[PDB]
Amino acid sequence: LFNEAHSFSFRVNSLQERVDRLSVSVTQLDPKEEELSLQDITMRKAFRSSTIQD
Amino acid sequence: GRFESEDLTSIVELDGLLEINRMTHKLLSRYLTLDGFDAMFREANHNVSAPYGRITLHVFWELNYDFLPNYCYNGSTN
Numbered sequence: 055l056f057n058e059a060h061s062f063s064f065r066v067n068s069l070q071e072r073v074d075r076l077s078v079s080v081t082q083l084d085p086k087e088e089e090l091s092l093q094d095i096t097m098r099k100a101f102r103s104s105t106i107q108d
Numbered sequence: 785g786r787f788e789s790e791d792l793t794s795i796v797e798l799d800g801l802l803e804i805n806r807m808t809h810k811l812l813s814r815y816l817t818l819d820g821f822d823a824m825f826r827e828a829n830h831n832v833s834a835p836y837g838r839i840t841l842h843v844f845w846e847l848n849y850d851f852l853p854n855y856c857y858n859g860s861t862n
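Chains as they are written, first to last, in the authors' numbering: chain C, 55 to 108; chain A, 785 to 862.
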């Protein structure tokens, strides 16, 4: 149990760092910097969620 | 994809099917944990990382090609 829970502690700590970075990044967005691409552009890499089945 | 393979009149079918999917997600979320239906819909519509999704692109494509040059209006019935 201790070994397993220690792994979760590492995962939680890593997530905490990511959230702190995102919060700093999201509180800096400038609305004037937003730009939109052409209507006929589909070259953007479609986002795919993780699908790992044990 | 099914909507993308038919004319603009399939919008009602897409909305009905989407409502069914949303309700199924709500039923499954009672006992399981799942991502929000909005996030999954955006993921399937390629809208999370892009300003415009697939549905709007198809609507524009249909308007330019089929709807505009193959439909006659009637103001009496709108």
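We put the beta carbon where it would ideally sit given N, CA and C, even for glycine.
What do you get for residue i, buried or exposed, if any count of 16 or more other CB atoms within 10 angstroms of its CB means buried?
i	result
A:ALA834	buried
A:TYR836	buried
Within the same chain, show all residues whose beta-carbon is closer than 7 Å to that of residue i, passing over the 5 residues directly before and after it, in chain order.
i	result
A:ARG838	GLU788, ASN829, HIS830
Just to check my reading of the structure: residue i and residue j have Cβ atoms closer than 8 Å, yes? What is that Cβ distance to the nearest angstrom?
i	j	result
A:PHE844	C:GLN93	6 Å
A:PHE851	A:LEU802	No, A:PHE851 and A:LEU802 are not in contact; Cβ-Cβ is about 21 Å, not under 8 Å.
A:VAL832	C:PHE101	5 Å
C:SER103	A:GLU827	6 Å
A:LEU812	A:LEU818	6 Å
Could you name the residues of the same chain whose beta carbon sits closer than 6 Å to that of residue i, not counting the 5 residues immediately before and after it, in chain order?
i	result
A:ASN848	none
Residues in the same chain with beta-carbon distance under 8 Å from residue i, minus the five sequence neighbours each way, listed in chain order, please.
i	result
A:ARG806	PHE821
Original post:
Which residues, in chain order, does the stretch 63-92 of chain C contribute to contact with chain A at a C-beta distance below 8 Å?
Top reply: Within the stretch 63-92 of chain C, the qualifying residues are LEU90, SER91.
**OP:** Compile a chain-ordered list of the residues in the stretch 93-104 of chain C whose CB is closer than 9 Å to at least one CB of chain A.
**Re:** Per Cβ criterion, the list reads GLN93, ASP94, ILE95, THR96, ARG98, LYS99, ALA100, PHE101, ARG102, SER103.
Original post:
Listed in chain order, which residues of the stretch 825-840 of chain A have Cβ atoms closer than 7 Å to some Cβ of chain C?
Top reply: So the list reads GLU827, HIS830, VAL832, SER833, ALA834, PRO835, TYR836, given in the order they occur along the chain.
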